[PDB]
C-alpha cells in the first residue's frame, strides 16, 4: 500500500517506481500492490548493483564508498529504472560493441564482467514457479535469470551465482524485513495474493 511504500523505500526508488508506473495508467492510489512490487524489484536491482566494481586487474570487488573513478569501472549497467529511451540506447549500444543479439525484452541489468544480460524477479510465491514462468518467456535469448523470494529462498540460471554471497545475503534479508513489516502492518496477505 502507498503509505507503506512511501514509508519503507528511499526517495530515489520511489521516484523511479512512480515514474515507470505512470506509463500503464496505473497509480500508487488504486494500485498500491503494483507500486510495492515495482519498488521492491527496483530496490533489489540497486542492491544487486551498488558497490560492485571491476579492478584494473579485471577482478570483481565490493567497495563501500561507491563513486566510479578511472581505476574502478562499475560492474553493472543498471537498465531497470531508466527511461525506456535511455534503456534501449544502452542495450542497443552494448549489443553493438559485442555479439550479444538485441533482446526482445528490456533486461534489469548488464554485467560487464561476464557480458550477460540479467533479468531479476522477486516473488511472494515459490521461486521454482516464478523461475520457470520467466525462463519460459525468455527462452532462447540467453539472459541470466535470478529470482528472489520473501521467504529468503533464491534461484538462478543453472544454479551459479555471479553475485557475491554477501550481497545475496543482504538482499534476502531486506526482502525478509519487508515481509515482516508488511505483516505487522496487516498488508502482507493482500499483497502475497495480488501476484499475477
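Numbering follows the first chain given and starts at 1.
Between the stretches 166-174 and 139-147, it is 139-147 that shows the larger average CA temperature factor. According to the PDB record, 118-126 carries the higher mean C-alpha B-factor of the two stretches 75-83 and 118-126. The residue among 31, 158, 57, 43 whose C-alpha atom has the highest B-factor in the PDB entry is 158. Per the PDB record, 70 has a higher Cα B-factor than any other of 47, 36, 70, 61. Per the deposited record, the Cα B-factor of residue 92 falls in the middle third when ranked against the other modelled residues of its chain. Annotation for residue 188: C-alpha temperature factor in the middle third relative to the rest of the modelled chain, per the entry.
Per the PDB record, residue ranking by Cα B-factor puts residue 21 in the highest third of the chain.
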